[PDB]
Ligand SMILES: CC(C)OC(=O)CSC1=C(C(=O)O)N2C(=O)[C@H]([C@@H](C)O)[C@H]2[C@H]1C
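Just the one chain here, the form deposited without the named molecule, laid out as structure tokens.
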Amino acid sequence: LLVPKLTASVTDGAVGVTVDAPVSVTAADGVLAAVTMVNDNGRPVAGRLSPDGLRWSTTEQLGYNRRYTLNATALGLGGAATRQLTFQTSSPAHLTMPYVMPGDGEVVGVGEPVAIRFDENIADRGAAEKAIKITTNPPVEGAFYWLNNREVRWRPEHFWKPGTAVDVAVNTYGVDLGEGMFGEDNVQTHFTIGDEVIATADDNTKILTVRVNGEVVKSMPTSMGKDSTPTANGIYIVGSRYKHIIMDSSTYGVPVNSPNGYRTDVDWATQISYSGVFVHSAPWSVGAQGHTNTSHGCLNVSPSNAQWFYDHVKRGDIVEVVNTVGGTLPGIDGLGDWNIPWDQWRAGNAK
């Protein structure tokens, strides 16, 4: 008769054991009679033994910088076997917490990229991407692209199809993100794509036309950026919306007391770039709207049209500006992702 065999997922004396996966023990030619795992302090980890008694596994999160001791005994018809193993888990120099947008259970527009922002610079971008699992339904090709050292975005080639489920599991706990930086925790979010809403601002007509699934539902006279501070052409993703907000030029780099500086309270503001472009209420320019550009770059519209926009446009909806004397909105603006050519985005920039 054969003596029971014990196999563990870790080796006695191991160091740098990653904590992204459970620790397990398996018996062969017998079953597991006793398994305990204990940290340096003496506290048990505990986990669960399978019903057939063949596999034990931890069931809670294992900690960084721990010395664990595993003790296991297997019993079989042919006798007994016991083993003791001590190992040390990863010791991070730093932890980083990821933050994901959009919010869990949200419904968003067809332009919304998956956004994962880390609170620390990521030295190994590849390791981060590999730890992020995106499920789409219906399935669609997409890719990762970094806007800066901390935030990565994922999107398809073209605007999402309405009705698409998107699931984002950021599995960075126990993952080495480079230079001793490990993930502080896992995060998980899920969202759904809603109606196709695209609003086009044509500088030739100075009308902002809102299309819902192809049909015009609103036509808003607008005043865009005056020639000296023009509105950039391109595709903008709708971000946050505000019943009212103080626009502070210093937020976007420009001292208030300077020529292009400003600090003004405005109503019904919908953000469409990080660089500070908003659709908002502009009572002072209702006579210019539909005729001449007078703003610092914002899409000035009437109070009721700004409120309409606030009520009817959602995060991830699309604003496209065309035929202005500006250039093109930067691809790495923060809400300019769609202006990056697919061949470039798809190639990514992890290295």
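The first residue of the sequence shown is number 1, and the count goes up from there.
We do not show the form solved in complex with the named molecule, though everything after this point is about it.
In the entry with it bound, the named molecule lies farther than 4.5 Å from every heavy atom of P330. Using a 4.5 angstroms threshold between heavy atoms, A115 counts as touching the named molecule in the entry with it bound. Although the partner is absent here, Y274 is a contact residue: one of its heavy atoms lies within 4.5 angstroms of the named molecule in the entry with it bound.
Remark: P221 does not count among the residues lining the named molecule in the entry with it bound, judged by a heavy atom distance of 4.5 Å or less. The single contact residue among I207, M101, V212, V140, judged by any heavy atom lying within 4.5 Å of the named molecule in the entry with it bound, is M101.
Among the residues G239, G178, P162, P92, the one placing a heavy atom within 4.5 Å of the named molecule in the entry with it bound is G239.
Contact annotation: the named molecule lies within 4.5 Å of heavy atoms from the stretch 145-153 in the entry with it bound, the single such stretch among 145-153, 213-221, 196-204, 120-128. Contacts to the named molecule in the entry with it bound (heavy atom within 4.5 Å) from stretch 324-345: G334, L335.
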